[PDB]
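Here the structure is laid out as structure tokens; the discussion comes afterwards.
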Amino acid sequence: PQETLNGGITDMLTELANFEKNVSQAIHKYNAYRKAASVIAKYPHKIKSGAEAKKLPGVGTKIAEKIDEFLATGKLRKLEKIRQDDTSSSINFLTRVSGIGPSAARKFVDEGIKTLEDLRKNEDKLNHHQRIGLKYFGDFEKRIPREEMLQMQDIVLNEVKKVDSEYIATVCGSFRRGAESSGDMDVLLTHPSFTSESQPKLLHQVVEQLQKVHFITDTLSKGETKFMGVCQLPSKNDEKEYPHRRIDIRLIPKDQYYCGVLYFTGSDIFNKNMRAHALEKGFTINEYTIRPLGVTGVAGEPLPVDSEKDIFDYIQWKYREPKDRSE
DNA sequence: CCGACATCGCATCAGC
DNA sequence: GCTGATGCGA
DNA sequence: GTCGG
Ligand code: NA
Ligand code: NA
């Protein structure tokens with residue numbers, strides 16, 4: 001499927017999706033439009049009518065009428081009006097600032113704050129997260145070429161091993177699946193001293209070292225198991241400096257680590273196709289564990305896992321290389 | 001007709 | 001001071 | 001908004 005097949009429609013649905021999330025605060029309508037947008041984007045035919053599209057799972061009556069109006073006229077009245085609307089368009093835009101959700105955005109617009117410049121005029125009303133999001137608004141909406149990711153990975157794996165050679169670190173996300181670009185860097189971290197039935201300084205030590213060598217620049221949130229922050233590759237010689245990037249680091253217990261690796265590697269569609277197939281065999285798989293369903297649906301104790309493949313084994317399916325986990 | 005639609009770590013607010 | 005709810009991103 | 005109990 002190409003973009004210009006049904007791109008006018010998927011852009012329409014995606015636009016409608018954002019206004020539901022950010023302005024109407026209806027998260028379930030948000031995913032409804034996105035699910036419809038996805039299944040249409042995978043549809044290998046140019047859609048002739050709403051009735052044709054309605055045959056797809058996730059496409060109901062209301063969207064069918066909208067596709068008709070778009071197909072027949074080239075636009076959607078409801079969408080045209082909400083675009084022109086000063087309140088709604090401003091509320092929607094502000095949510096693109098990381099740290100500002102639907103709730104904070106509506107508050108700002110309620111008291112006159114509508115633009116990036118308005119935000120810059122009123123920084124004492126922003127929390128720490130929002131300021132970082134404001135500071136790197138442009139940088140956060142850029143994607144990361146795989147070449148820069150590989151360089152980013154080099155630093156992380158190096159500094160992690162430098163703190164303690166027994167750490168195990170894995171950069172997951174679409175990067176691990178071989179993608180040419182990424183939205184952020186997701187790092188998964190474990191250590192033989194950290195199990196389920198188990199120091200709560202393991203994560204701090206790694207974060208601080210990446211701060212010492214000036215890879216990590218800012219902090220959005222940091223706890224005993226999860227870090228969310230900002231990082232930046234060093235500038236080359238006389239070259240232009242790199243954009244600031246989003247990076248996450250999770251500390252996961254050893255016995256839940258490979259369930260964690262598998263889950264955050266994805267993709268989302270793969271994980272459900274895999275979850276579905278998993279239950280047919282009588283197993284339940286989440287981010288943390290793989291558990292055996294009883295005769296009545298009760299969960300047995302979490303099964304031993306020492307690799308990604310161990311999980312694939314449990315449910316009678318051959319190991320899949322990350323590059324072939326798009327679905 | 002009507003509930004499900006995934007769930008959780010961290011920051012910060014609402015309330016005691 | 002604390003506990004729980006909520007917002008946010010994922 | 002869509003699906004299904
Ligand atoms: Na349908
Ligand atoms: Na945001």
Side-chain angles (χ1 to χ4, degrees), chain A residues 9 12-40 50 53-67 76 78-79 91 94-108 124-134 136 140-141 172-175 182-189 200 203-204 207 218-230 245-253 256 259-260 263-269 271-272 274-276 278-279 284-289:
Chain A
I9 295 176
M12 175 184 77
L13 300 183
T14 298
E15 265 214 71
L16 287 170
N18 290 342
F19 285 105
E20 292 294 342
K21 169 165 76 78
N22 303 321
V23 179
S24 290
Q25 297 180 21
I27 188 69
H28 298 301
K29 286 202 191 179
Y30 163 71
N31 289 307
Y33 278 115
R34 265 168 85 246
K35 178 185 185 189
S38 293
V39 69
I40 284 179
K54 191 174 183 314
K55 297 212 280 268
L56 304 180
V59 185
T61 299
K62 293 290 194 61
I63 288 182
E65 320 183 354
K66 283 166 168 55
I67 286 171
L76 246 192
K78 279 172 188 168
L79 196 46
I91 291 180
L94 290 184
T95 67
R96 281 168 55 189
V97 182
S98 166
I100 300 181
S103 184
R106 179 166 199 293
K107 275 194 51 178
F108 287 139
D124 46 83
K125 297 184 190 219
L126 275 45
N127 60 34
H128 182 60
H129 187 151
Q130 289 162 349
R131 286 166 183 152
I132 302 305
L134 174 59
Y136 303 115
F140 281 175
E141 293 194 343
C172 304
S174 63
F175 167 82
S182 303
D184 49 17
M185 169 162 277
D186 196 6
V187 180
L188 270 64
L189 189 72
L203 177 52
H204 170 96
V207 172
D218 303 87
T219 301
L220 298 174
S221 57
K222 185 165 102 68
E224 297 178 12
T225 52
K226 188 166 156 232
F227 171 86
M228 298 173 57
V230 187
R245 310 298 201 183
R246 281 274 300 111
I247 179 182
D248 295 340
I249 299 169
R250 307 173 206 269
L251 186 68
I252 304 176
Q256 303 183 352
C259 281
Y263 175 72
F264 286 106
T265 296
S267 55
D268 289 332
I269 307 186
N271 278 130
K272 163 147 45 42
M274 184 177 176
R275 269 176 95 195
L279 304 133
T284 176
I285 296 174
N286 52 27
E287 176 182 332
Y288 313 101
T289 45

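Values below: all heavy atoms of this structure, side chains included; hydrogens, waters and symmetry mates excluded. Naming convention: chains lettered A, B, ... in sequence-line order (proteins, then strands); numbering from 1 in each chain.
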Kindly point out which of B/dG9, C/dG9, B/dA11 is positioned nearest to the side chain of A/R246? C/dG9

Please report the distance separating the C1' of C/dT3 from the corresponding atom of B/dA11, rounded so that it comes out in whole Å. 15 Å

Which nucleotide sits closest to the side chain of A/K62: C/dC8, D/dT2, C/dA10? D/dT2

What is the separation between atom CG on A/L126 and atom P on C/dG7, rounded to the nearest whole Å? 18 Å

Give a yes or no on whether the backbone of A/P253 and the side-chain of A/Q256 come within a donor-acceptor separation of less than 3.5 Å. no

Can you measure A/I27 atom CD1 to B/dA4 atom P for me and round it to whole angstrom units? 16 Å

Within the 4.0 Å heavy-atom criterion, would you say A/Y30 contacts the bases, only the backbone, or no part of the nucleic acid? nothing

Measure CG/A/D248 against P/B/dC10 and give the value in whole Å, please. 12 Å

Scan A/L16 against the nucleic acid and name what it touches under 4.0 Å (heavy atoms): base, sugar-phosphate only, or nothing. nothing

Under 4.0 Å, counting only non-hydrogen atoms across every strand here, what does A/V97 touch: a base, just sugar-phosphate, or nothing? sugar-phosphate

Test the A/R250-A/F227 pair against the cation-pi criterion, namely NZ or CZ under 6.0 angstrom from the six-membered ring centroid and within 45° of the ring axis. no

Atom CD1 in A/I63, atom CD1 in A/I40: separation rounded to 0.5 Å? 6.5 Å

North or south: which describes the sugar of C/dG1, going by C1'-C2'-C3'-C4'? north

Nearest whole angstrom, please: distance from the P of B/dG9 to the CG of A/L203. 14 Å

A/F140 backbone acceptor or donor facing A/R246 side chain under 3.5 Å: no

Atom-pair distance (CG on A/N127; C1' on C/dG7), nearest Å: 10 Å

Expressed as a whole number of angstroms, how long is the span from A/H128:NE2 to B/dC13:P? 14 Å

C1' atom, B/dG9 versus C/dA5: distance in rounded Å? 15 Å

I want to verify a distance call: between D/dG1, B/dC8, C/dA10, whose nearest atom is closest to the A/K66 side chain? D/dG1

Mind checking A/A104 for me? I need base, sugar-phosphate or nothing, with any heavy atom below 4.0 Å counting as a touch. sugar-phosphate

Rounded to the nearest 0.5 Å, what separation is found between the CG atom of A/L251 and the NZ atom of A/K226? 13.0 Å

OP1, OP2 of C/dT6 versus side-chain N and O of A/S103: anything below 4.0 Å? no

A/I63 side-chain proximity, nearest of C/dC8, B/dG9, D/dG1: D/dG1

Between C1' on B/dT7 and CG on A/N286, what's the gap in Å once rounded to a whole number? 10 Å

Can you identify which nucleotide, out of B/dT12, B/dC10, C/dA10, has its nearest atom closest to the A/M228 side chain? C/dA10

Of the listed nucleotides (D/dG1, B/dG9, C/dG7), which one gets closest to any side-chain atom of A/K29? D/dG1

Which part of the nucleic acid, if any, lies within reach of A/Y288 when heavy atoms closer than 4.0 Å are counted: base, sugar-phosphate only, or nothing? sugar-phosphate

Between C/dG4 and B/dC8, how far apart are the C1' atoms? Round to whole Å, please. 16 Å

Pairwise side-chain contact, A/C259 with A/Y288, heavy-atom cut-off 4.5 Å (strictly under): no

Short side-chain N/O contact to B/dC10 OP1/OP2 from A/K226, under 4.0 Å: no

A/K35 NZ to B/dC5 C1': how many Å, rounded? 9 Å

